[PDB]
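Asker: Got a file for you: final_26.cif, mmCIF, C-alpha atoms.
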```cif
data_my_file
loop_
_atom_site.group_PDB
_atom_site.id
_atom_site.type_symbol
_atom_site.label_atom_id
_atom_site.label_comp_id
_atom_site.auth_asym_id
_atom_site.auth_seq_id
_atom_site.Cartn_x
_atom_site.Cartn_y
_atom_site.Cartn_z
ATOM 1 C CA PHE A 1 121.795 134.401 -17.409
ATOM 2 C CA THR A 2 122.000 133.161 -21.053
ATOM 3 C CA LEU A 3 120.024 130.138 -22.316
ATOM 4 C CA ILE A 4 123.290 128.283 -22.893
ATOM 5 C CA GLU A 5 124.317 128.956 -19.256
ATOM 6 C CA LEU A 6 120.968 127.455 -18.158
ATOM 7 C CA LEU A 7 121.843 124.438 -20.312
ATOM 8 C CA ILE A 8 125.091 123.605 -18.532
ATOM 9 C CA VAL A 9 123.568 123.892 -15.054
ATOM 10 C CA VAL A 10 120.863 121.370 -15.926
ATOM 11 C CA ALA A 11 123.681 119.322 -17.450
ATOM 12 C CA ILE A 12 125.590 119.377 -14.144
ATOM 13 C CA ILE A 13 122.671 119.060 -11.718
ATOM 14 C CA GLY A 14 121.936 115.841 -13.579
ATOM 15 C CA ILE A 15 125.513 114.708 -12.978
ATOM 16 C CA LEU A 16 125.772 115.618 -9.290
ATOM 17 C CA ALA A 17 122.418 113.947 -8.593
ATOM 18 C CA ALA A 18 123.712 110.432 -9.413
ATOM 19 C CA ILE A 19 127.035 109.663 -7.731
ATOM 20 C CA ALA A 20 126.507 105.983 -6.860
ATOM 21 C CA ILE A 21 125.204 106.246 -3.298
ATOM 22 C CA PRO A 22 126.465 103.022 -1.670
ATOM 23 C CA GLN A 23 124.440 100.466 0.252
ATOM 24 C CA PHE A 24 125.048 101.406 3.899
ATOM 25 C CA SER A 25 123.307 98.305 5.188
ATOM 26 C CA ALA A 26 126.075 95.779 5.720
ATOM 27 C CA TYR A 27 128.280 98.461 7.266
ATOM 28 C CA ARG A 28 125.665 99.001 10.038
ATOM 29 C CA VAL A 29 124.536 95.375 10.658
ATOM 30 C CA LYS A 30 128.172 94.576 11.633
ATOM 31 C CA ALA A 31 127.887 97.139 14.492
ATOM 32 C CA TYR A 32 124.597 95.600 15.759
ATOM 33 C CA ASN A 33 126.224 92.127 15.682
ATOM 34 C CA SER A 34 129.407 93.236 17.541
ATOM 35 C CA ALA A 35 127.211 94.778 20.258
ATOM 36 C CA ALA A 36 125.585 91.353 20.920
ATOM 37 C CA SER A 37 128.857 89.308 20.918
ATOM 38 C CA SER A 38 130.499 91.878 23.243
ATOM 39 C CA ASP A 39 127.390 91.703 25.454
ATOM 40 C CA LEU A 40 127.546 87.866 25.614
ATOM 41 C CA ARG A 41 131.316 87.791 26.384
ATOM 42 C CA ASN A 42 130.566 90.206 29.217
ATOM 43 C CA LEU A 43 127.486 88.211 30.416
ATOM 44 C CA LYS A 44 129.679 85.087 30.717
ATOM 45 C CA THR A 45 131.923 86.852 33.304
ATOM 46 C CA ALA A 46 128.834 87.644 35.426
ATOM 47 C CA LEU A 47 127.674 83.965 35.284
ATOM 48 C CA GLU A 48 131.108 82.549 36.148
ATOM 49 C CA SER A 49 131.586 85.185 38.870
ATOM 50 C CA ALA A 50 128.220 84.244 40.425
ATOM 51 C CA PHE A 51 129.113 80.519 40.334
ATOM 52 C CA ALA A 52 132.298 81.144 42.352
ATOM 53 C CA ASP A 53 130.072 82.781 45.047
ATOM 54 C CA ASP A 54 127.244 80.207 45.269
ATOM 55 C CA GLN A 55 128.532 76.885 43.731
ATOM 56 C CA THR A 56 125.673 77.257 41.208
ATOM 57 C CA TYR A 57 124.802 79.292 38.168
ATOM 58 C CA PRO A 58 121.830 81.613 38.856
ATOM 59 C CA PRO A 59 118.171 80.497 38.560
ATOM 60 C CA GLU A 60 116.541 81.704 35.300
ATOM 61 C CA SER A 61 114.437 84.960 35.389
ATOM 62 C CA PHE B 1 145.310 87.523 33.369
ATOM 63 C CA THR B 2 141.548 87.609 32.533
ATOM 64 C CA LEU B 3 138.913 88.836 35.019
ATOM 65 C CA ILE B 4 137.453 85.330 35.154
ATOM 66 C CA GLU B 5 140.914 83.920 36.037
ATOM 67 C CA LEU B 6 141.088 86.466 38.896
ATOM 68 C CA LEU B 7 137.683 85.159 39.997
ATOM 69 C CA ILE B 8 138.771 81.552 40.459
ATOM 70 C CA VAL B 9 141.903 82.468 42.421
ATOM 71 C CA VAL B 10 139.861 84.457 44.936
ATOM 72 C CA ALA B 11 137.492 81.483 44.915
ATOM 73 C CA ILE B 12 140.348 79.125 45.844
ATOM 74 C CA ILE B 13 142.269 81.369 48.248
ATOM 75 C CA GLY B 14 139.016 81.474 50.190
ATOM 76 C CA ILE B 15 138.938 77.674 50.211
ATOM 77 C CA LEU B 16 142.565 77.049 51.182
ATOM 78 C CA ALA B 17 142.309 79.620 53.984
ATOM 79 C CA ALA B 18 139.791 77.547 55.999
ATOM 80 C CA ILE B 19 140.826 73.904 56.335
ATOM 81 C CA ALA B 20 139.675 73.209 59.909
ATOM 82 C CA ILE B 21 142.866 73.895 61.861
ATOM 83 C CA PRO B 22 142.594 71.513 64.840
ATOM 84 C CA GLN B 23 142.927 72.367 68.512
ATOM 85 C CA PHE B 24 146.532 71.428 69.324
ATOM 86 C CA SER B 25 146.043 71.969 73.034
ATOM 87 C CA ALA B 26 145.187 68.550 74.418
ATOM 88 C CA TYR B 27 147.890 66.962 72.269
ATOM 89 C CA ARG B 28 150.551 69.102 74.047
ATOM 90 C CA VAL B 29 149.213 69.034 77.655
ATOM 91 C CA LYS B 30 149.628 65.208 77.568
ATOM 92 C CA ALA B 31 153.399 65.708 76.979
ATOM 93 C CA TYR B 32 153.700 68.156 79.931
ATOM 94 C CA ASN B 33 151.837 65.652 82.163
ATOM 95 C CA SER B 34 153.995 62.641 81.114
ATOM 96 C CA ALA B 35 157.123 64.679 81.916
ATOM 97 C CA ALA B 36 155.928 65.130 85.545
ATOM 98 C CA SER B 37 154.862 61.465 86.113
ATOM 99 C CA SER B 38 158.176 60.240 84.621
ATOM 100 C CA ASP B 39 159.987 62.741 86.868
ATOM 101 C CA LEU B 40 158.144 61.480 89.996
ATOM 102 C CA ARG B 41 158.756 57.768 89.181
ATOM 103 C CA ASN B 42 162.431 58.670 88.853
ATOM 104 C CA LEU B 43 162.436 60.803 92.070
ATOM 105 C CA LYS B 44 161.077 57.798 94.016
ATOM 106 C CA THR B 45 164.198 55.733 93.102
ATOM 107 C CA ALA B 46 166.431 58.504 94.516
ATOM 108 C CA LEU B 47 164.415 58.582 97.807
ATOM 109 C CA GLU B 48 164.417 54.791 98.232
ATOM 110 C CA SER B 49 168.107 54.616 97.265
ATOM 111 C CA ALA B 50 168.962 57.256 99.900
ATOM 112 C CA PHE B 51 166.961 55.374 102.572
ATOM 113 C CA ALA B 52 169.003 52.197 101.990
ATOM 114 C CA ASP B 53 172.162 54.294 102.714
ATOM 115 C CA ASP B 54 171.030 56.195 105.841
ATOM 116 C CA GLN B 55 167.996 54.306 107.354
ATOM 117 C CA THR B 56 166.034 57.545 106.775
ATOM 118 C CA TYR B 57 164.481 59.469 103.940
ATOM 119 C CA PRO B 58 166.276 62.811 103.385
ATOM 120 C CA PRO B 59 165.455 65.998 105.357
ATOM 121 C CA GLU B 60 163.288 68.441 103.337
ATOM 122 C CA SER B 61 165.050 71.332 101.445
#
```
Please lay out the structure from this file as structure tokens.
Answerer:
Amino acid sequence: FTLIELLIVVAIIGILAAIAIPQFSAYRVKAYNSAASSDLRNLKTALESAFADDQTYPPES
Amino acid sequence: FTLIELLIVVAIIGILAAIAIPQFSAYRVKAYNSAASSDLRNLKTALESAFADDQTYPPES
């Protein structure tokens, strides 16, 4: 509308364009880690189930 | 408790359910036999006692 109105908008667009976007890197690597430790604690039950069938842990591959 | 704990129990119940139970058949037939041979060796003394009373073995039945 008025030149002064178009001077507040550009003064607010500048504000709302920098709101300290956080580093969402550590908060995701923790999920990837806790998939692998879960997966290992599960894998152990398969190994120690298979031993109590065969008196041996499985052959590799 | 834990699934692995319930995998050792079933691995031991299977063991303690097959411990080579022996054939207790010959070890009992020997007792039945040695009752009858004892009984005969006793019965002979009654026959050969009764002869030395009557000059005869008993009539049958």
Asker: Any chance you could work out the residue set of the PyMOL selection byres ((chain A) within 9 of (chain B)) here, as a ChimeraX atom specification?
Answerer: /A:44-46,48-49,52-53
Asker: Over all C-alpha pairs taken in sequence order, what does chain B look like after a least-squares fit onto chain A? Please give it as a compact mmCIF listing (two decimals) with C-alpha atoms, in the coordinates of the input.
Answerer:
```txt
# COMPACT_ATOMS: atom_id res chain seq x y z
CA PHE B 1 121.79 134.40 -17.41
CA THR B 2 122.00 133.16 -21.05
CA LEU B 3 120.02 130.14 -22.32
CA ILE B 4 123.29 128.28 -22.89
CA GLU B 5 124.32 128.96 -19.26
CA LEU B 6 120.97 127.45 -18.16
CA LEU B 7 121.84 124.44 -20.31
CA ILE B 8 125.09 123.60 -18.53
CA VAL B 9 123.57 123.89 -15.05
CA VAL B 10 120.86 121.37 -15.93
CA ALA B 11 123.68 119.32 -17.45
CA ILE B 12 125.59 119.38 -14.14
CA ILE B 13 122.67 119.06 -11.72
CA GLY B 14 121.94 115.84 -13.58
CA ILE B 15 125.51 114.71 -12.98
CA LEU B 16 125.77 115.62 -9.29
CA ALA B 17 122.42 113.95 -8.59
CA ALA B 18 123.71 110.43 -9.41
CA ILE B 19 127.03 109.66 -7.73
CA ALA B 20 126.51 105.98 -6.86
CA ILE B 21 125.20 106.25 -3.30
CA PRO B 22 126.46 103.02 -1.67
CA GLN B 23 124.44 100.47 0.25
CA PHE B 24 125.05 101.40 3.90
CA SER B 25 123.31 98.31 5.19
CA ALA B 26 126.08 95.78 5.72
CA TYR B 27 128.28 98.46 7.27
CA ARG B 28 125.66 99.00 10.04
CA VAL B 29 124.54 95.37 10.66
CA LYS B 30 128.17 94.58 11.63
CA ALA B 31 127.89 97.14 14.49
CA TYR B 32 124.60 95.60 15.76
CA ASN B 33 126.22 92.13 15.68
CA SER B 34 129.41 93.24 17.54
CA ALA B 35 127.21 94.78 20.26
CA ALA B 36 125.58 91.35 20.92
CA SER B 37 128.86 89.31 20.92
CA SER B 38 130.50 91.88 23.24
CA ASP B 39 127.39 91.70 25.45
CA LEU B 40 127.55 87.87 25.61
CA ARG B 41 131.32 87.79 26.38
CA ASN B 42 130.57 90.21 29.22
CA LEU B 43 127.49 88.21 30.42
CA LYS B 44 129.68 85.09 30.72
CA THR B 45 131.92 86.85 33.30
CA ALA B 46 128.83 87.64 35.42
CA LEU B 47 127.67 83.97 35.28
CA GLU B 48 131.11 82.55 36.15
CA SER B 49 131.59 85.19 38.87
CA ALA B 50 128.22 84.24 40.43
CA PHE B 51 129.11 80.52 40.34
CA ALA B 52 132.30 81.14 42.35
CA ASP B 53 130.07 82.78 45.05
CA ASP B 54 127.24 80.21 45.27
CA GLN B 55 128.53 76.88 43.73
CA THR B 56 125.67 77.26 41.21
CA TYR B 57 124.80 79.29 38.17
CA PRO B 58 121.83 81.61 38.86
CA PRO B 59 118.17 80.50 38.56
CA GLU B 60 116.54 81.70 35.30
CA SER B 61 114.44 84.96 35.39
```
Asker: What separation in Å, quoted to one decimal, exists between CA of residue 16 in chain B and CA of residue 1 in chain B?
Answerer: 20.8 Å
Asker: Take every atom of range 49-60 of chain A listed in the file, fit an axis-aligned box around them, add 3 Å per side, and give the centre and edge lengths in Å to one decimal as JSON.
Answerer:
```
{"center_x": 124.4, "center_y": 81.0, "center_z": 40.3, "size_x": 21.8, "size_y": 14.3, "size_z": 16.0}
```
Asker: So how many Å separate CA of residue 57 in chain B and CA of residue 38 in chain B, to one decimal?
Answerer: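 Interatomic distance here is 20.3 Å.
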Asker: Which value, in Å to one decimal, gives the distance between CA of residue 47 in chain B and CA of residue 59 in chain B?
Answerer: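 These two atoms are separated by 10.6 Å.
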